[PDB]
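Comments concern the structure below.
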Ligand SMILES: CN[C@@H]1CCc2c(ccc(O)c2O)[C@H]1O
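The following block contains the structure:
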């Protein structure tokens with residue numbers, strides 16, 4: 011019971027964490043680089059749209 | 030004439046109100062998928078009938094009253110009369126059908142789902158419209174309703190006056206089919222519904238020891283009765299006894315029956331869903 | 006006793022997470038241009054379910070999607086042509102999840118009945138019936154044609170081998186029932202959000218919860234990875250949607266508006282990851298901007314409560330299946 | 012080419028016809044949920060009318220379908236929000252479990272469960288049919304002086320039997336007071352929260368009773384009648 015929880019927290023303790031600035035910058039870079047190929051973000055042309 | 034312009038203004042307001050209300054009803058039903066319901070198909074049928082009435086017979090009738098003459102052709106006089114009869118009969122029969130639907134929904138809740146379907150509702154609406162159209166167009170278009178006395182003959186031959194003269198037989202038949210049979214059916218339906226509501230309220234009081271039906275039924279029945287019954291009574295009388303009733307009173311009661319159409323959608327569309335749909339529309 | 010040690014380790018984890026933080030995503034993001042207003046309309050409105058809808062899953066292609074309802078029929082639709090390719094009657098009257106295999110050959114459904122039935126589209134019959142769960146299976150997803158991961162009413166999440174029909178491994182460590190699950194672009198990692206505020210990342214091969222995120226104040230109804238796979242977003246009965254980052258191991262942002270108090274049933278991301286789309290108990294969907302956290306659009310077409318929300322792999326369209334038995338395709 | 016489109020349209024038409032038949036079958040059937048305490052006596056009443208237990212019993216040519224989600228010892232009920240189209244929720248409570256306290264009384268926990276069901280944001284239009292099991296055993300307990308409700312329930316000390324209460328053809332005043340006190344304890348929770356959309360129907364049932372099917376049929380009929388009346392603003 012409690013031993014399993016203690017072991018799980020001990021295992022979760024030793025995890026390397028990168029600074030939030032770097033992670034935010036990586037998410038920013040992905041969103042900026044892959045923004046061109048997004049029909050939702052940029053209104054797709056009517057001819058290009060399969061639905062309409 | 031100040032008297033004439035006032036009548037023109039009041040009829041213009043009446044036709045505008047009828048058209049606006051009914052168009053709003055059809056638009057609200059058609060726009061939203063939540064509103065489309067088996068009973069709402071009958072509501073749409075009633076709204077369409079009243080809208081056709083307001084578009085066709087109210088403006089032409091007002092023009093006939095104000096100008097005191099019929100500028101258009103005799104065939105258009107007959108067509109206008111047929112359209113008016115069709116609209117009135119369809120509207121009243123649709124009210125009767127709505128009452129019957131409520132009766133079958135309350136009295137037999139278990140079998141109500143199977144009793145009424147979309148296809149069956151469409152069949153019922155088509156049958157109502159077919160019988161109304163027959164009763165209106167066929168006797169009028171085939172000239173069975175035309176009277177025999179010289180007073181009607183001169184009016185029918187003349188191309189300037191569009192007045193209604195009818196036999197003692199067609200008047201009775203049309204009045205019966207349009208109003209009296211629907212009146213009896215609706216009275217019996219709403220008596221049964223009131224008894225069921227009273228029984229349910231009595232049971233609820235028997236339990237949970239720690269009115270509303272009367273007001274709603276009073277609206278639904280009394281408005282329709284006070285709007286249509288006098289006109290049909292004088293419709294029967296004018297062939298039963300010609301001398302008593304006057305033409306002006308006859309037309310006045312007919313116009314009360316007309317404004318019944320504009321009163322209908324304020325009564326039959328007070329549900330909160332219809333209110334939300336109306337708010338979204340406007 | 007052991008509770009003191011557990012509290013000490015939890016405090017150490019909290020201190021490490023706090024020291025790891027440098028600045029919020031808003032601090033970096035506020036400089037860039039906003040997404041602007043986003044307008045979407047119901048390109049296709051798909052009809053044919055008797056009862057209210059809970060779950061849909063887009064196929065590998067953007068063409069096909071599968072939906073289920075309590076009327077007992079699992080219907081596969083062709084989104085482009087608005088045609089019903091298949092309709093599968095379901096043994097269980099109540100179903101709460103759907104799954105469309107990456108190959109498209111198989112489709113699996115769960116339900117209140119504690120059985121994960123898998124149907125072979127290309128033969133529709135019950136290929137395998139998966140049993141061994143105490144509680145209702147809330148969500149099911151496909152690692153491949155042979156492997157399926159199911160979150161169930163009991164705290165355990167399980168990985169199954171379809172051919173063998175037995176649980177290859179079971180994931181334990183949650184307090185409440187597991188409601189939502191999402192797979193990474195690579196099939197190695199997956200998370201599961203449960204009734205408890207905690208949402209845990211799992212490792213399929215190891216079978217252990219590497220990280221646990223507990224930012225929420227209530228049950229988590231929806232969870233979904235970022236397309237990169239480094240982040241995921243969680244819905245809740247609270248009006249907040251939160252974006253969690255695996256490397257940072259803590260919450261990055263919360264998506265909430267003062268006016269809305271309804272919970273979030275389903276969440277999803279756009280292909281680029283800029284737009285977070287979240288369903289709501291308020292009969293409408295909201296399209297947040299992930300970086301800005303400022304709402305960019307609203308989808309109020311549905312009449313009843315939305316229950317599912319998926320975005321095509323191509324990124325062409327978004328489909329929301331609500332409780333009015335009506336599933337609508339937005340673009 | 013167009014042949015594939017024509018074949019797909021034909022398949023769509025066949026599926027639509029099958030769905031229409033399924034809708035015709037589905038509309039007739041009325042769905043019920045039988046929620047109750049584990050020790051209340053659900054099994055006996057289920058056998059009386061007859206992970207999830209589904210039974211199909213028909214009365215007066217009306218198809219009733221009943222589901223009973225038992226087991227797993229669930230305390231936070233999330234499946235309860237799925238049962239939104241059910242006409243009625245059958246609640247089975249043992250009114251004779253007042254003295255038996257499972258570490263709070265079982266009847267008190269049943270009252271809490273009924274309150275949770277009643278005050279649910281999703282079951283705001285679902286009526287509850289309440290069955291109070293083991294009236295004979297309740298009578299056996301109340302006739303004996305070992306356990307009295309006043310000791311366990313403090314409101315019973317000042318409580319009195321309702322004037323309009325209808326006693327059984329053969330029943331003691333004390334058991335009548337006890338059963339009516341329990342029924343009013345449930346009905347006090349039932350009445351306050353509701354706005355008139357849904358009601359509670361309390362029925363006093365023994366294990367030997369076999370007329371429960373008719374009682375459920377009548378309760379469902381009343382529920383649908385009241386729903387239709389309120390829809391038309393008549394009630
Ligand atoms: C222009 N006057 C018409 C002619 C007779 C008639 C009317 C309405 C309903 C009927 O059933 C009728 O037979 C009147 O509106």
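Chains as they are written, first to last, in UniProt numbering: chain A, 11 to 62; chain B, 30 to 239, 269 to 340; chain C, 6 to 128, 133 to 340; chain D, 12 to 61, 206 to 258, 263 to 394.
By construction, the Cβ of each residue, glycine as well, lies at the ideal position given by its N, Cα and C atoms.
Reference residue i, options the options, closest by Cα
i	options	result
residue 47 of chain A	C/30, C/283 and C/317	C/283
residue 295 of chain D	D/274, D/331, D/315 and D/277	D/331
residue 240 of chain B	B/135, B/55 and B/301	Any structural detail on residue 240 of chain B is unavailable, because chain B resumes at 269 straight after 239.
residue 391 of chain D	B/128, B/288, B/35 and B/78	B/128
residue 79 of chain C	C/87, C/115 and C/48	C/115
residue 44 of chain C	C/312, C/333 and C/304	C/304
residue 95 of chain B	B/66, B/309, B/327 and B/175	B/309
residue 45 of chain D	D/362, D/209, D/380 and D/250	D/209
residue 318 of chain B	B/277, B/192 and B/101	B/277
residue 160 of chain C	C/248, C/18, C/126 and C/104	C/104
residue 168 of chain B	B/284, B/271, B/181 and B/110	B/110
residue 112 of chain B	B/214, B/230, B/84 and B/302	B/84
Per-residue contacts from residue i into chain C (C-beta, under 7 Å)
i	result
residue 59 of chain A	340
residue 23 of chain A	14, 17 and 18
Contact set between residue i and chain D, taken where Cβ atoms lie within less than 8 Å
i	result
residue 86 of chain C	16 and 19
residue 119 of chain C	206
Bridge partner(s) assigned by DSSP for residue i
i	result
residue 47 of chain D	D/247
residue 218 of chain C	C/211
residue 111 of chain C	C/125
residue 211 of chain D	D/220
residue 91 of chain C	C/81
residue 306 of chain C	C/296
residue 189 of chain C	C/202
residue 296 of chain B	DSSP output for residue 296 of chain B lists no bridge partner at all.
Residue i versus residue j - alpha carbon distance
i	j	result
residue 306 of chain D	residue 95 of chain C	50 Å
residue 180 of chain C	residue 218 of chain C	8 Å
residue 99 of chain B	residue 106 of chain B	8 Å
residue 25 of chain C	residue 258 of chain C	9 Å
residue 123 of chain B	residue 34 of chain D	27 Å
residue 220 of chain D	residue 387 of chain D	21 Å
residue 70 of chain C	residue 109 of chain C	10 Å
residue 222 of chain B	residue 61 of chain B	30 Å
residue 237 of chain D	residue 308 of chain C	24 Å
residue 36 of chain D	residue 74 of chain C	16 Å
residue 215 of chain C	residue 272 of chain D	41 Å
residue 91 of chain B	residue 282 of chain B	22 Å
residue 30 of chain D	residue 284 of chain D	27 Å
residue 275 of chain D	residue 267 of chain D	12 Å
residue 228 of chain C	residue 16 of chain C	23 Å
residue 336 of chain D	residue 319 of chain D	7 Å
residue 248 of chain C	residue 272 of chain C	5 Å
residue 301 of chain C	residue 320 of chain C	20 Å
residue 50 of chain D	residue 270 of chain C	38 Å
Chain-ordered neighbours of residue i on chain D, where CB pairs are closer than 7 Å
i	result
residue 255 of chain C	Going along chain D, no residue has its Cβ under 7 Å from residue 255 of chain C, so there is no contact; the nearest lies around 27 Å.
Residue i: contacting residues in chain B (beta-carbon distance under 7 Å)
i	result
residue 395 of chain D	Chain D is shown from 12 up to 394; residue 395 of chain D falls before or after that span and cannot be answered.
residue 335 of chain C	62
Listed by chain order, chain A residues near residue i by CB distance under 9 Å
i	result
residue 239 of chain C	33, 36, 37 and 40
Proximal residues of chain B, C-beta to C-beta of residue i below 9 Å
i	result
residue 387 of chain D	131, 134, 135, 138 and 141
8 Å Cβ cut-off: residues of chain A touching residue i
i	result
residue 283 of chain C	41, 45, 48 and 51
residue 7 of chain C	12, 13, 15 and 16
9 Å Cβ cut-off: residues of chain D touching residue i
i	result
residue 98 of chain C	42, 207, 209, 220 and 222
residue 149 of chain B	The contacting residues do not exist; residue 149 of chain B stays about 12 Å from chain D at best.
Partner residues on chain A for residue i, Cβ-Cβ distance less than 7 Å
i	result
residue 25 of chain C	27, 29 and 30
Practice item. Below 8 Å between beta carbons is the criterion; list the residues of the UniProt repeat "WD 3" (141-181) of chain C that meet it against any residue of chain D, in chain order. Key: 143, 144, 145, 162 and 163
Practice item. Please name the residues in the stretch 63-81 of chain B whose beta-carbon is closer than 7 Å to at least one beta-carbon of chain C, in chain order. Key: 63
Practice item. Scan the UniProt repeat "WD 1" (46-94) of chain C for residues whose Cβ lies nearer than 9 Å to a Cβ of chain D and list them as they occur along the chain. Key: 53, 54, 55, 56, 57, 59, 75, 76, 77, 78, 80, 83, 86, 87, 88, 89, 90, 91, 92 and 94
Check your understanding: Which residues, taken in chain order from the stretch 201-226 of chain C, show a beta carbon closer than 9 Å to some beta carbon of chain A?
Key -> 217, 218, 219, 220 and 221
Practice item. May I ask you to list, following chain order, the residues of the stretch 299-329 of chain C that have a beta carbon less than 9 Å from some beta carbon of chain B? Key: 312 and 313
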